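What follows is data_28.cif (mmCIF, N, CA and C atoms and all ligand atoms).
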```
data_entry
loop_
_atom_site.label_atom_id
_atom_site.label_comp_id
_atom_site.auth_asym_id
_atom_site.auth_seq_id
_atom_site.Cartn_x
_atom_site.Cartn_y
_atom_site.Cartn_z
N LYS S 1 -5.21 -7.85 -2.07
CA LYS S 1 -6.06 -7.43 -0.97
C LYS S 1 -5.60 -6.10 -0.40
N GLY S 2 -4.45 -6.11 0.27
CA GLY S 2 -3.92 -4.89 0.86
C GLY S 2 -2.85 -4.26 -0.01
N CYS S 3 -1.70 -3.99 0.59
CA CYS S 3 -0.60 -3.38 -0.14
C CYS S 3 0.23 -4.49 -0.78
N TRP S 4 1.38 -4.10 -1.31
CA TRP S 4 2.29 -5.04 -1.96
C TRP S 4 3.59 -5.16 -1.19
N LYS S 5 3.90 -4.13 -0.39
CA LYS S 5 5.13 -4.12 0.40
C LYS S 5 4.81 -3.96 1.88
N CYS S 6 3.70 -3.28 2.18
CA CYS S 6 3.29 -3.05 3.55
C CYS S 6 2.74 -4.33 4.17
N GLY S 7 3.56 -4.99 4.98
CA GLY S 7 3.14 -6.22 5.63
C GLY S 7 1.82 -6.07 6.36
N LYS S 8 1.58 -4.88 6.90
CA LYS S 8 0.34 -4.61 7.63
C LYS S 8 -0.88 -5.01 6.81
N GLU S 9 -0.83 -4.73 5.51
CA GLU S 9 -1.94 -5.06 4.62
C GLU S 9 -3.26 -4.53 5.16
N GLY S 10 -3.59 -3.30 4.80
CA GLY S 10 -4.82 -2.69 5.27
C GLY S 10 -5.39 -1.70 4.27
N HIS S 11 -4.54 -0.83 3.75
CA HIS S 11 -4.96 0.17 2.78
C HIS S 11 -4.65 -0.28 1.35
N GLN S 12 -4.89 0.60 0.39
CA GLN S 12 -4.63 0.30 -1.01
C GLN S 12 -3.26 0.82 -1.44
N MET S 13 -2.60 0.07 -2.31
CA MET S 13 -1.28 0.45 -2.81
C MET S 13 -1.34 1.80 -3.53
N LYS S 14 -2.41 2.00 -4.30
CA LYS S 14 -2.58 3.24 -5.04
C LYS S 14 -2.63 4.44 -4.10
N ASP S 15 -3.19 4.24 -2.91
CA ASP S 15 -3.29 5.30 -1.92
C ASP S 15 -2.18 5.18 -0.89
N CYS S 16 -1.32 4.18 -1.05
CA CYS S 16 -0.21 3.95 -0.14
C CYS S 16 0.70 5.18 -0.07
N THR S 17 1.24 5.44 1.11
CA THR S 17 2.13 6.58 1.30
C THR S 17 3.58 6.20 1.04
N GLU S 18 3.82 5.51 -0.07
CA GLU S 18 5.16 5.08 -0.43
C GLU S 18 6.04 6.28 -0.77
N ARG S 19 5.42 7.34 -1.28
CA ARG S 19 6.15 8.55 -1.65
C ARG S 19 6.27 9.49 -0.45
ZN ZN S 101 1.03 0.58 1.74
#
```
Could you render the structure as structure tokens?
Ligand SMILES: [Zn+2]
Amino acid sequence: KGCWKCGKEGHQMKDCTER
């Protein structure tokens, strides 16, 4: 659904600002 590490779970992992 949301991210994989971001507990917030709202955006997409692909677009996640992990970098
Ligand atoms: Zn994220």
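From CA of residue 19 in chain S back to atom N of residue 1 in chain S, the distance works out to 20.0 Å.
Picture a line from CA of residue 18 in chain S to CA of residue 2 in chain S; it runs 13.5 Å.
Near ligand ZN 101 (chain S), at distances of 6 Å or less and with all atoms listed in the file counted, sit the residues residues 3, 4, 5, 6, 11, 12, 13, 16, 17 and 18 of chain S.
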